[PDB]
C-alpha cells in the first residue's frame, strides 16, 4: 500500500536522473526504495556520483553499486533526492524523524535542486502534527531545553518536548549531537519558529526545510504520480 506508493514515487523521480549528474542521496524508507532502483540503472550504464546523508543510505548505495563520494570532493551537487516527514505550504518540509536531518539539510543546501519523494499522506494543509526534530549540543542541553520552552511560549506553541532516546541513552547523531522532538501539533509561522530556534546557542539545526525543496514527487492513493511545485502548495 504505502510501500507501493513510495516505490512508485521513487521510480518517477528516477526519470529525472541523467548521466554525469552529481546527486545528493537522502534517507528514510521512501529513499530506501529509490536507491536500489538507481543501482539497477547504474548496472545498465548510468553514470552518477552520489553523496549519502546517513550511514544506512550509504550502506545501501554500496550494496547496490551506486558510486559514492563526499562533499569535500563534490561541494556543489546537481540534484538532491530525499523524503520528508511532512510537506506543507510552499513545500516547506519537516524532516529528521529518522535522525539524519543535519547531513540532509547540508546536502540539500549544497544542491541546485531538491526533489522530495513521498506517498500522499506526507502532504499536509498545515505543518506540525509530526513532532519537529531539533538537533542540539550535548553541552548545556538542560539550558537549551529551557530556551526552547521559552521560545515556544512566546510564539504560542504547546506540547511535550522530549529527548530522543536509544533505549537507555540519548540518541546521538552522526554529527555527535542529541535531538529534541517537539510535539507542537501546528506550526503556522515556520519562518519565525526557525529563526527563533536557530538563534538559541545550543541549537545546531532543526527539521524545518524552508525554500529548499523545488519539486515534490507524490504518489497518490488512486495511482496518480503528481510532479508538484511550491506554487502547488
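Positions refer to the first chain, counted from 1.
- Mean C-alpha B-factor is higher over 63-71 than over the other stretch, the pair under comparison being 24-32 and 63-71.
- Higher average CA B factor: 179-187, of the stretches 199-207 and 179-187.
- Per the deposited record, 153 carries the highest C-alpha B-factor of all listed residues (153, 135, 85, 80).
- Per the deposited record, the Cα B-factor of residue 51 falls in the middle third when ranked against the other modelled residues of its chain.
- Among the modelled residues of its chain, residue 125 has a C-alpha B-factor that falls in the highest third, as given in the PDB entry.
- Among all modelled residues in this chain, the alpha-carbon of residue 219 has a temperature factor (C-alpha) in the middle third.
- For residue 8, the recorded CA B-factor ranks within the lowest third of the chain. Only modelled residues enter the ranking.
- Ranked within its chain, residue 158 lands in the highest third, by CA B factor from the PDB record.
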